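First listed ligand is number 1; within each ligand, the first listed atom is number 1. In what follows, every chain begins at residue 1, and chains take the letters A, B, ... in the order their sequences are listed. What's counted below: heavy atoms across the whole structure, side chains too, no hydrogens, waters or symmetry copies.
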Amino acid sequence: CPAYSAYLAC
Amino acid sequence: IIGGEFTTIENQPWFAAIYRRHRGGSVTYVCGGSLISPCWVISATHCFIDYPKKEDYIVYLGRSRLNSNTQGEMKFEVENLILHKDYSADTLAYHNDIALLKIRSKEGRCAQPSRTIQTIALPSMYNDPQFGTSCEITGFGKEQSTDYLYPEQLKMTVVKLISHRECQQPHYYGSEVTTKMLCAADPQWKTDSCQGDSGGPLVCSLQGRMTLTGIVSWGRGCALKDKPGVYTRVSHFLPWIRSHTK
Ligand SMILES: N=C(N)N1CCCCC1
């Protein structure tokens with residue numbers, strides 16, 4: 001996961 | 001969505017709710033998306049990349065609540081999952097974060113437009129509002145960065161487009177933001193997209209049309225000073241979209 005992700009699975 | 005207000009699907013009737021079915025039959029929310037034609041939903045590639053099989057996804061339209069049914073809603077299988085060939089993720093951000101889902105009911109039908117289910121218009125190529133313009137974002141994402149749970153009721157808020165020059169200040173995101181991305185934020189940094197809003201619509205008025213200007217993609221924290229939300233710049237992807245939906 002990239003640090004700035006907003007993917008709920010991160 | 002941090003801050004903002006609760007809403008219903010009539011206020012954002014192109015909003016698509018995308019879920020993934022698991023090993024044991026349980027079903028969990030993945031990402032938002034937007035209905036751009038009766039058979040096509042647009043979203044972000046990073047929502048799907050870790051589980052890229054179309055059979056594992058379910059798409060709802062006309063849905064106002066996350067884990068309960070909304071009267072009038074429609075449920076779809078994913079006929080085709082199209083991810084962007086040039087997608088990448090670095091340690092910080094996502095590039096070419098765009099995805100297309102072809103939807104199909106178990107009766108083999110596409111979407112039927114209603115009061116709760118409508119399409120949104122794509123923008124003119126390379127045509128975006130001026131910086132400072134107010135736009136809406138919609139999603140089932142977290143209401144607070146520290147929350148464990150997602151809201152049961154759909155939310156929406158307003159953010160203003162930030163100039164590419166400002167966003168690319170090292171003060172903000174430096175070079176991580178490209179010309180194929182758009183930044184938007186609240187002047188007080190008090191409202192924003194957050195975890196679980198990914199793939200959802202950033203909608204602006206250009207001329208007199210509600211228009212899909214962006215797709216929720218990434219950002220450092222949520223509603224955090226000098227850290228805007230970053231959105232896939234839809235007006236820069238029209239050949240890719242048209243080519244893959246024709
Ligand atoms: N807008 C913000 N802050 N985001 C975008 C969605 C992923 C979480 C970070």
*What is the nearest protein non-hydrogen atom to atom 8 (C) of ligand 1, stated with its residue, atom name and distance?*
A/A6 CB, 2.6 Å
*Judging by distance only, is a nitrogen or oxygen of B/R220 under 3.5 angstrom from one on ligand 1?*
no
*ligand 1 N/O within reach of B/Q195 N/O, cut-off under 3.5 Å*: no
*Please could you name the atoms of ligand 1 that B/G229 approaches to less than 4.0 Å, counting only its heavy atoms?*
1 (N), 2 (C)
*More than 12 foreign heavy atoms under 6.0 Å from CZ of B/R209: is that the case here?*
no
*asked:* Run B/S163 and B/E166 through side-chain hydrogen bond (donor to acceptor under 3.5 Å, both in side chains) and show every step you take.
replied: CA-CA 5 Å; B/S163 95; B/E166 181 177 359; 4.6 Å; no
_Atoms of ligand 1, numbered as shown, that sit under 4.0 Å from any heavy atom of B/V216_ = 5 (C), 6 (C)
_Which label fits B/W218 and A/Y4: parallel for a plane angle under 30°, tilted from 30 to 60°, or perpendicular past 60°?_
parallel
*Option nearest atom 4 (N) of ligand 1 (shortest heavy-atom distance, choices B/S145, B/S193, B/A184)*: B/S193
_Do B/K160 and B/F131 form a cation-pi contact, if we require the NZ or CZ to be under 6.0 Å from the six-membered ring centre and within 45 degrees of the ring's axis?_
no
*Hey, which of B/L202, B/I215, B/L161 is the one that makes side-chain contact (heavy atoms from CB on, under 4.5 Å) with B/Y231?*
B/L202
*Using side chain to side chain donor-acceptor pair (under 3.5 Å) as the criterion, point out the one residue from B/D97, B/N96, B/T45 that pairs with B/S217.*
B/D97
*Is a side-chain donor or acceptor of B/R63 paired with a backbone partner of B/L66 at a separation under 3.5 angstrom?*
yes
*Say whether B/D197 and ligand 1 are in contact under the criterion: heavy-atom distance to a ligand atom below 4.0 Å.*
no
_ligand 1 atoms in contact with B/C222 (distance to a heavy atom under 4.0 Å)_ = 3 (N)
*May I ask you to check whether B/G221 has an N/O atom sitting below 3.5 Å from an N/O atom of ligand 1?*
yes
*Run the numbers for me: atoms of ligand 1, each under 4.0 Å from some heavy atom of B/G219, listed by number.*
4 (N), 9 (C)
_Structural part of B/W218 in contact with ligand 1, heavy atom criterion under 4.0 angstrom_ = backbone
*Is the cationic atom of B/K155 (NZ for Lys, CZ for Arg) positioned less than 6.0 Å from the six-membered ring centroid of B/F6 and within 45 degrees of its normal?*
yes
